[PDB]
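One file, coords-v5.cif, is given below (mmCIF, C-alpha atoms and all ligand atoms).
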data_data
loop_
_atom_site.label_atom_id
_atom_site.label_comp_id
_atom_site.auth_asym_id
_atom_site.auth_seq_id
_atom_site.Cartn_x
_atom_site.Cartn_y
_atom_site.Cartn_z
CA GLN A 24 19.60 16.26 -8.63
CA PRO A 25 20.75 15.21 -12.12
CA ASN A 26 20.49 17.56 -15.09
CA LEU A 27 17.85 15.96 -17.28
CA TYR A 28 16.67 17.35 -20.62
CA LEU A 29 13.07 16.20 -20.69
CA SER A 30 10.31 16.93 -23.15
CA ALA A 31 7.81 17.25 -20.29
CA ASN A 32 6.97 20.67 -18.89
CA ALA A 33 6.47 19.18 -15.40
CA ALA A 34 7.98 15.92 -14.16
CA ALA A 35 9.35 14.08 -11.14
CA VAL A 36 10.35 10.67 -9.79
CA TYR A 37 9.81 9.65 -6.15
CA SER A 38 10.85 6.69 -4.02
CA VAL A 39 7.75 5.07 -2.52
CA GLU A 40 9.60 4.04 0.65
CA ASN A 41 10.07 7.54 2.07
CA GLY A 42 8.01 9.52 -0.44
CA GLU A 43 11.09 11.56 -1.21
CA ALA A 44 11.93 13.16 -4.53
CA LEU A 45 14.88 12.02 -6.62
CA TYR A 46 14.13 14.56 -9.35
CA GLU A 47 11.57 17.37 -9.56
CA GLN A 48 10.82 19.89 -12.31
CA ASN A 49 7.86 22.26 -11.75
CA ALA A 50 6.45 19.77 -9.23
CA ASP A 51 4.14 22.36 -7.60
CA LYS A 52 2.78 23.77 -10.87
CA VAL A 53 -0.93 23.19 -11.51
CA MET A 54 -1.29 21.16 -14.72
CA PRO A 55 -4.16 19.63 -16.70
CA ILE A 56 -4.09 15.86 -16.22
CA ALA A 57 -6.80 14.48 -18.59
CA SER A 58 -7.06 10.65 -18.55
CA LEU A 59 -4.89 10.45 -15.43
CA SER A 60 -8.20 11.14 -13.65
CA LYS A 61 -9.10 7.49 -14.34
CA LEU A 62 -6.68 6.43 -11.57
CA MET A 63 -8.98 8.05 -9.00
CA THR A 64 -11.92 6.30 -10.64
CA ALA A 65 -10.05 2.99 -10.35
CA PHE A 66 -9.36 3.64 -6.67
CA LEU A 67 -13.05 4.27 -5.95
CA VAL A 68 -14.14 1.21 -7.98
CA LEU A 69 -11.71 -0.94 -6.01
CA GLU A 70 -12.91 0.59 -2.72
CA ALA A 71 -16.53 -0.15 -3.62
CA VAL A 72 -15.82 -3.82 -4.33
CA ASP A 73 -14.05 -4.13 -0.97
CA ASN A 74 -16.98 -2.37 0.73
CA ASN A 75 -19.49 -4.95 -0.59
CA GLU A 76 -21.08 -2.21 -2.70
CA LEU A 77 -20.24 -3.33 -6.25
CA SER A 78 -19.90 -6.64 -8.08
CA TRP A 79 -17.21 -7.46 -10.64
CA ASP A 80 -19.82 -9.49 -12.56
CA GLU A 81 -22.52 -6.78 -12.63
CA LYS A 82 -23.53 -6.02 -16.23
CA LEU A 83 -23.74 -2.32 -17.16
CA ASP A 84 -24.68 -0.47 -20.35
CA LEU A 85 -22.06 2.00 -21.55
CA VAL A 86 -23.13 5.61 -21.10
CA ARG A 87 -23.15 7.67 -24.28
CA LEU A 88 -20.58 10.44 -24.60
CA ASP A 89 -21.62 13.92 -25.71
CA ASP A 90 -18.85 13.72 -28.34
CA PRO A 91 -19.06 10.40 -30.24
CA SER A 92 -15.51 11.10 -31.48
CA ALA A 93 -13.71 10.53 -28.16
CA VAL A 94 -11.92 7.23 -27.54
CA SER A 95 -14.65 4.81 -26.55
CA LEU A 96 -15.16 1.11 -26.01
CA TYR A 97 -18.49 1.30 -27.84
CA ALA A 98 -16.99 2.64 -31.07
CA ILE A 99 -14.37 -0.13 -31.13
CA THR A 100 -16.85 -2.94 -30.50
CA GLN A 101 -20.48 -1.88 -31.15
CA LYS A 102 -21.17 -3.66 -27.85
CA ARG A 103 -23.05 -1.78 -25.14
CA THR A 104 -23.31 -4.25 -22.22
CA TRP A 105 -20.15 -5.08 -20.30
CA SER A 106 -19.21 -6.40 -16.90
CA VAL A 107 -17.75 -4.12 -14.25
CA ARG A 108 -14.56 -6.17 -14.56
CA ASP A 109 -14.19 -5.51 -18.29
CA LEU A 110 -15.16 -1.83 -17.99
CA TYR A 111 -12.48 -1.47 -15.31
CA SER A 112 -9.91 -3.19 -17.56
CA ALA A 113 -10.93 -1.03 -20.53
CA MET A 114 -10.54 2.11 -18.44
CA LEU A 115 -7.00 1.16 -17.40
CA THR A 116 -5.65 -0.41 -20.61
CA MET A 117 -7.00 1.54 -23.60
CA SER A 118 -8.35 4.51 -21.55
CA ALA A 119 -11.94 4.04 -22.76
CA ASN A 120 -13.68 7.22 -21.61
CA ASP A 121 -17.19 5.79 -21.74
CA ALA A 122 -16.06 2.91 -19.52
CA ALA A 123 -14.81 5.40 -16.93
CA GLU A 124 -18.05 7.43 -17.04
CA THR A 125 -20.23 4.31 -16.79
CA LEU A 126 -18.33 3.23 -13.67
CA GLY A 127 -18.49 6.66 -12.03
CA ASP A 128 -22.22 6.95 -12.74
CA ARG A 129 -22.91 3.51 -11.26
CA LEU A 130 -20.97 4.45 -8.12
CA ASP A 131 -22.38 7.90 -7.36
CA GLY A 132 -24.50 9.06 -10.30
CA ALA A 133 -24.26 12.82 -10.74
CA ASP A 134 -22.31 13.24 -7.49
CA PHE A 135 -19.27 11.26 -8.59
CA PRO A 136 -16.89 14.24 -9.11
CA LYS A 137 -17.64 15.32 -5.53
CA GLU A 138 -16.61 11.83 -4.42
CA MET A 139 -13.38 12.04 -6.42
CA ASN A 140 -12.54 15.35 -4.73
CA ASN A 141 -13.65 14.12 -1.31
CA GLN A 142 -11.29 11.15 -1.77
CA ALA A 143 -8.53 13.42 -3.09
CA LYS A 144 -8.62 15.22 0.26
CA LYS A 145 -8.61 11.97 2.25
CA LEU A 146 -5.50 10.85 0.33
CA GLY A 147 -3.44 13.90 1.27
CA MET A 148 -3.72 15.64 -2.11
CA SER A 149 -3.53 19.43 -1.88
CA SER A 150 -6.37 21.81 -2.70
CA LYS A 151 -4.70 22.47 -6.06
CA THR A 152 -6.12 19.15 -7.30
CA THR A 153 -9.55 19.32 -8.94
CA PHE A 154 -11.28 16.36 -10.54
CA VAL A 155 -14.23 17.10 -12.83
CA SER A 156 -15.19 13.69 -14.25
CA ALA A 157 -14.52 9.97 -14.00
CA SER A 158 -12.74 9.96 -17.38
CA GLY A 159 -10.88 13.26 -17.21
CA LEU A 160 -12.97 14.71 -20.04
CA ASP A 161 -13.78 18.41 -19.60
CA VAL A 162 -17.17 19.25 -18.07
CA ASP A 163 -18.81 22.67 -18.59
CA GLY A 164 -15.47 23.81 -19.98
CA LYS A 165 -13.81 22.91 -16.66
CA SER A 166 -10.69 20.72 -16.73
CA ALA A 167 -9.17 18.32 -14.23
CA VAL A 168 -5.92 19.69 -12.79
CA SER A 169 -3.31 18.58 -10.29
CA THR A 170 0.44 18.66 -9.57
CA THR A 171 3.10 15.97 -9.90
CA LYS A 172 3.35 15.95 -6.09
CA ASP A 173 -0.39 15.32 -5.68
CA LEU A 174 -0.29 12.78 -8.49
CA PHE A 175 2.46 10.93 -6.63
CA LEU A 176 0.34 10.90 -3.46
CA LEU A 177 -2.64 9.47 -5.32
CA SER A 178 -0.52 6.89 -7.16
CA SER A 179 1.34 5.54 -4.14
CA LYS A 180 -1.86 5.44 -2.09
CA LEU A 181 -3.63 3.57 -4.90
CA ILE A 182 -0.78 1.04 -5.12
CA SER A 183 -0.39 0.47 -1.40
CA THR A 184 -4.15 0.24 -0.79
CA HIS A 185 -4.98 -1.91 -3.85
CA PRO A 186 -1.79 -3.61 -5.03
CA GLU A 187 -3.90 -5.76 -7.36
CA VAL A 188 -4.29 -2.70 -9.60
CA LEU A 189 -0.83 -3.58 -10.94
CA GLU A 190 -2.14 -6.98 -12.01
CA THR A 191 -4.13 -5.07 -14.63
CA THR A 192 -1.78 -2.23 -15.61
CA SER A 193 1.25 -4.54 -16.09
CA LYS A 194 -0.43 -6.35 -19.01
CA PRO A 195 0.26 -5.18 -22.60
CA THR A 196 -3.06 -6.82 -23.55
CA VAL A 197 -6.05 -7.80 -21.43
CA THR A 198 -8.33 -10.50 -22.81
CA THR A 199 -11.76 -10.53 -21.22
CA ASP A 200 -13.59 -13.77 -20.43
CA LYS A 201 -15.56 -13.55 -23.67
CA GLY A 202 -12.43 -12.93 -25.75
CA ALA A 203 -12.29 -9.17 -26.30
CA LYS A 204 -8.72 -7.87 -26.58
CA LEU A 205 -7.97 -4.57 -24.81
CA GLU A 206 -4.60 -3.12 -25.80
CA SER A 207 -2.66 -1.05 -23.28
CA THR A 208 -1.51 2.49 -24.09
CA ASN A 209 1.61 1.90 -21.95
CA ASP A 210 4.24 1.16 -24.56
CA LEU A 211 7.04 0.78 -21.99
CA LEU A 212 5.66 -2.55 -20.68
CA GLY A 213 8.40 -5.08 -21.37
CA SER A 214 11.06 -2.42 -22.06
CA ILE A 215 12.05 -1.32 -18.56
CA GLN A 216 12.65 -4.20 -16.17
CA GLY A 217 10.23 -4.00 -13.26
CA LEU A 218 7.81 -1.53 -14.86
CA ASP A 219 4.21 -2.54 -14.10
CA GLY A 220 2.13 0.66 -14.39
CA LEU A 221 0.52 3.01 -14.43
CA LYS A 222 -1.54 5.38 -16.69
CA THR A 223 -1.26 7.49 -19.88
CA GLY A 224 -3.08 10.70 -20.75
CA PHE A 225 -3.34 13.23 -23.57
CA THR A 226 -5.28 16.33 -24.52
CA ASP A 227 -4.17 19.36 -26.51
CA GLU A 228 -4.00 21.33 -23.26
CA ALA A 229 -2.39 18.61 -21.15
CA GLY A 230 0.14 17.41 -23.70
CA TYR A 231 1.32 13.81 -23.51
CA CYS A 232 1.33 12.53 -19.93
CA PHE A 233 2.31 9.33 -18.16
CA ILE A 234 2.50 8.03 -14.60
CA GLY A 235 4.89 5.09 -14.41
CA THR A 236 5.89 2.70 -11.64
CA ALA A 237 8.55 0.02 -11.30
CA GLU A 238 9.93 -2.15 -8.51
CA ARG A 239 13.35 -3.79 -8.29
CA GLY A 240 14.41 -5.67 -5.15
CA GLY A 241 11.84 -4.27 -2.74
CA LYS A 242 12.39 -0.69 -3.97
CA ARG A 243 9.47 0.93 -5.82
CA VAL A 244 9.58 4.24 -7.68
CA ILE A 245 6.79 6.31 -9.22
CA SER A 246 7.51 8.73 -12.06
CA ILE A 247 5.16 11.45 -13.36
CA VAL A 248 5.50 13.14 -16.77
CA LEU A 249 3.16 15.96 -17.83
CA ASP A 250 2.97 17.86 -21.15
CA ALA A 251 5.50 15.99 -23.24
CA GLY A 252 5.69 16.84 -26.92
CA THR A 253 4.81 13.54 -28.58
CA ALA A 254 3.32 10.19 -27.65
CA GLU A 255 6.82 8.69 -27.80
CA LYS A 256 8.58 11.42 -25.80
CA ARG A 257 6.63 10.96 -22.55
CA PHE A 258 8.11 7.46 -22.59
CA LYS A 259 11.65 8.60 -23.35
CA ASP A 260 11.23 11.02 -20.42
CA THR A 261 10.06 8.14 -18.22
CA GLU A 262 13.11 6.08 -19.21
CA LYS A 263 15.33 8.91 -17.95
CA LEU A 264 13.36 9.24 -14.72
CA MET A 265 13.48 5.49 -14.03
CA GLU A 266 17.26 5.57 -14.52
CA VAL A 267 17.47 8.27 -11.86
CA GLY A 268 15.05 6.33 -9.67
CA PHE A 269 17.18 3.17 -9.54
CA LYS A 270 20.57 4.89 -9.43
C1 LIG A 301 -7.15 10.57 -21.64
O1 LIG A 301 -6.40 11.48 -21.55
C2 LIG A 301 -7.76 10.20 -22.98
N1 LIG A 301 -7.71 11.38 -23.81
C3 LIG A 301 -8.82 11.76 -24.66
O2 LIG A 301 -9.79 11.09 -24.70
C4 LIG A 301 -8.71 13.03 -25.51
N2 LIG A 301 -9.26 14.11 -25.17
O3 LIG A 301 -9.12 15.27 -25.97
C5 LIG A 301 -9.95 16.31 -25.54
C6 LIG A 301 -7.89 12.96 -26.79
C7 LIG A 301 -7.73 13.83 -27.85
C8 LIG A 301 -6.87 13.24 -28.72
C9 LIG A 301 -6.49 12.02 -28.21
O4 LIG A 301 -7.13 11.86 -27.01
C10 LIG A 301 -6.96 9.02 -23.59
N3 LIG A 301 -5.44 9.68 -23.90
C11 LIG A 301 -4.57 8.81 -24.81
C12 LIG A 301 -3.06 8.94 -24.62
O5 LIG A 301 -2.62 8.88 -23.46
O6 LIG A 301 -2.28 9.13 -25.58
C13 LIG A 301 -5.27 7.46 -25.69
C14 LIG A 301 -4.36 6.51 -26.47
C15 LIG A 301 -6.64 7.12 -25.46
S1 LIG A 301 -7.59 8.47 -24.88
#

Please, can you express the file's structure as structure tokens?
Amino acid sequence: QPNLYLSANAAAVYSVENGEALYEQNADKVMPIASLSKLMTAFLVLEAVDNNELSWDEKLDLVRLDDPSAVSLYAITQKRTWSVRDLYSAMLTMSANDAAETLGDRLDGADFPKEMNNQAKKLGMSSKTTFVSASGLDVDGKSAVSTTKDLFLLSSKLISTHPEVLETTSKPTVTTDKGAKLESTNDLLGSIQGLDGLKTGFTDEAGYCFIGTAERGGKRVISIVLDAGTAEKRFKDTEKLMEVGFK
């Protein structure tokens, strides 16, 4: 494998076709993942719509977060009622934590972390993965953790099961029906040709994290960057991983 000099502590890029690694650094090491948890929440929201168990047009009131300081749709808008569609978009574009928690609570109430971990097992993720909340916020001091290998398995399963997820994560801005603008945290959209996802994350413990995905000519790759040093460097790391991915 090539000799990359990444900011990330743990990183890898995989070809979706055979699931095989084109670069791996610390790909078995258990890492905090933070807002990357929202990809499991998206999967379960998309499953519930397909199962005739949830409506895109259902109106829900945002749940209140124990810390009013965290990134939240409510603080940006002063608007409490939102459709499932817009909460889903907010979760994936700007990483609104209260959107993610409102969706998880609607799906399974208090038991939603159990459902995330049940589904982690069904998707082939190892027992090193632990989800604690729909948003990736710590609960009872407990943090969501995984590995780049398990994160790949979740990502590729999300994309092959619900390809329409990329219709949301490929957009630099999502405008809801009523005109609210939801700006994506993925600053590489429009910079790498073929890049259409997937999810950012950051906490002090997790560092700056990003799962990316791009397809050129039938070939899809998924890159995972964990614990980069700055908000810009997880993207510079991704640029290097995409270059290896399409070599
Ligand atoms: C997901 O990781 C989420 N992070 C936080 O809400 C958060 N938690 O700290 C305990 C935090 C602290 C400082 C900034 O966020 C979203 N992560 C990011 C990002 O990927 O950079 C943004 C832009 C929205 S919050």

query = Residues at most 8 Å from ligand LIG 301 (chain A), using all atoms listed in the file? Could they come as a ChimeraX atom specification?
reply = /A:56-59,93-94,117-120,158-161,208,222-227,231-233,254

Selection near region 236-238 of chain A, 12 Å with all atoms listed in the file, sequence-local residues under 2 positions removed, as an MDAnalysis selection string = chainID A and resid 35:40 175 178:179 181:182 186 188:189 192:193 209 211:223 233:234 240:248 261:262 264:266 268:269

task = Excluding region 72-74 of chain A and any residue of its chain fewer than 6 positions from it, enumerate the residues within 12 Å of it, using all atoms listed in the file, and give them as a PyMOL selection string.
result = chain A and resi 65-66+80-81+107-108+111+126+130+184-185

Keeping only C-alpha atoms, write the selected residues to a file as a compact mmCIF listing (two decimals), keeping the file's coordinate frame.
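So the final result, stored in selection.txt, reads:
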# COMPACT_ATOMS: atom_id res chain seq x y z
CA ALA A 65 -10.05 2.99 -10.35
CA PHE A 66 -9.36 3.64 -6.67
CA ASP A 80 -19.82 -9.49 -12.56
CA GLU A 81 -22.52 -6.78 -12.63
CA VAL A 107 -17.75 -4.12 -14.25
CA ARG A 108 -14.56 -6.17 -14.56
CA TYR A 111 -12.48 -1.47 -15.31
CA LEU A 126 -18.33 3.23 -13.67
CA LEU A 130 -20.97 4.45 -8.12
CA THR A 184 -4.15 0.24 -0.79
CA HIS A 185 -4.98 -1.91 -3.85

task = Compile the contact shell of residue 196 (chain A) as a ChimeraX atom specification: residues with an atom at most 7 Å away, counting all atoms listed in the file, same-chain residues fewer than 6 positions apart removed.
result = /A:204-207

Written selection (C-alpha atoms) as a compact mmCIF listing (two decimals), keeping the file's coordinate frame:
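So the final result, stored in again.txt, reads:
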# COMPACT_ATOMS: atom_id res chain seq x y z
CA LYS A 204 -8.72 -7.87 -26.58
CA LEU A 205 -7.97 -4.57 -24.81
CA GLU A 206 -4.60 -3.12 -25.80
CA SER A 207 -2.66 -1.05 -23.28

inquiry  = Taking 2 positions as the minimum chain separation for residues in the same chain, which residues sit within 6 Å of region 155-157 of chain A when counting only C-alpha atoms? Answer as a VMD selection string.
reply    = chain A and resid 61 64 123 to 124 127 136 159 167

ask   = Expressed in Å to a single decimal, how great is the separation between CA of residue 63 (chain A) and CA of residue 258 (chain A)?
value = 21.8 Å

key: Given all atoms listed in the file as the counted atoms, nearest of A:78, A:26, A:140, A:106 to residue 263 (chain A)   =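 Result for the nearest residue to residue 263 (chain A): A:26.
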
request  = For each of A:210, A:250, A:76, A:187, take the minimum atom-to-atom distance to residue 229 (chain A), counting only C-alpha atoms, then give the residue where this is smallest.
outcome  =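 Closest to residue 229 (chain A) of all the choices is A:250.
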
Centre and edge lengths, as AutoDock Vina command-line options, for the axis-aligned box enclosing every listed atom of region 213-218 of chain A with 5 Å of padding on each of the six sides, in Å to one decimal?
--center_x 10.2 --center_y -3.2 --center_z -17.7 --size_x 14.8 --size_y 13.8 --size_z 18.8

message = I'd like to know which of A:153, A:172, A:83, A:25 is closest to residue 102 (chain A), using all atoms listed in the file.
response = A:83

ask   = At what distance in Å, to one decimal, does CA of residue 163 (chain A) lie from CA of residue 55 (chain A)?
value =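 Separation between CA of residue 55 (chain A) and CA of residue 163 (chain A): 15.1 Å.
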
query = Any idea what the distance is between CA of residue 97 (chain A) and CA of residue 122 (chain A)?
reply =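 That distance, rounded to one decimal, is 8.8 Å.
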
ask   = residue 77 (chain A): which residues within 10 Å, counting only C-alpha atoms, same-chain residues fewer than 6 positions away excluded, as an MDAnalysis selection string?
value = chainID A and resid 68:71 107 129:130

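Compared by their closest atoms to residue 67 (chain A), and using all atoms listed in the file, the residues A:168, A:146, A:162, A:44 rank with A:146 nearest.
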